[PDB]
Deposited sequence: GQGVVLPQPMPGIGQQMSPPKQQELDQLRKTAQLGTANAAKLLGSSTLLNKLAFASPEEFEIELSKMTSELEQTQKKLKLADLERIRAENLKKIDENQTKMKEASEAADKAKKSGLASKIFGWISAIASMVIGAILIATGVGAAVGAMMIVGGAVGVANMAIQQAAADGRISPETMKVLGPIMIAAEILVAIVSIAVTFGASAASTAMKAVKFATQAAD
């Protein structure tokens, strides 16, 4: 690939790390080979969990720097989107932004880091990403929005697995309201 200039950097452990990272969507696909349903639930959850705070505080303190940077990115992204939608220069510098990513901005306004999390999950693709790629010949395309929904739904599960199920629940709310803000 000679098309994109990636920034310059800086053996079995890396496969460990790759397995770690895909662990949440692997379990997600597994759990979604059933009949769950919902699907169209009755106030999402319980879910389920079926199948330590001092540490978290250590970690948080160990990474105060990165965490603040990430907060700033979300702040600067929110603002950029704020100042773009007031001005008439919305679709001049950001008309290239895809619809998905556009909702992800919404999700970040509603749920900050949880919004980003689920948003990145959707974009990464993970479970049904390979099907989705394959879907690239063939007819009209209402197949599109549903493959989103598929992805959204898988991402929510993956969040549920990887982090809280309250996190997944918030993530669902985020996606919900970013989706309404979109109209």
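> Relative to the deposited sequence, which regions have no modelled C-alpha positions in the structure?
Seq positions lacking coordinates: 11 to 21, 63 to 78, 165 to 173.
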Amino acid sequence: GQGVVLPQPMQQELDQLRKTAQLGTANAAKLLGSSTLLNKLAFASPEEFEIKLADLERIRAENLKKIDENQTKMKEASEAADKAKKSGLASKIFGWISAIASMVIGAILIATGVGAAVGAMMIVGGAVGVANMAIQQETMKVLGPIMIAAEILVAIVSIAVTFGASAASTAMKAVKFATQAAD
From here on, numbers count along this sequence of modelled residues.
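> Comparing 34 to 42 with 151 to 159, which has the greater mean CA B-factor as deposited?
Mean B over CA atoms: larger for 34 to 42.
> Which wins on mean Cα temperature factor, 64 to 72 or 142 to 150?
Higher mean C-alpha B-factor in the PDB entry: 142 to 150.
> Which one of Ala81, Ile110, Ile93, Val104 shows the biggest C-alpha B-factor in the PDB entry?
Within the set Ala81, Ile110, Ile93, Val104, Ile93 shows the top C-alpha B-factor.
> Considering only modelled residues of the same chain, in which third does the CA B-factor of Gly119 rank: lowest, middle or highest?
Lowest third, going by the recorded CA B-factors of the chain.
> Using the B-factor values recorded in the entry, state whether the Cα atom of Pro7 falls in the lowest, middle or highest third among the modelled residues of its chain.
Lowest third, going by the recorded CA B-factors of the chain.
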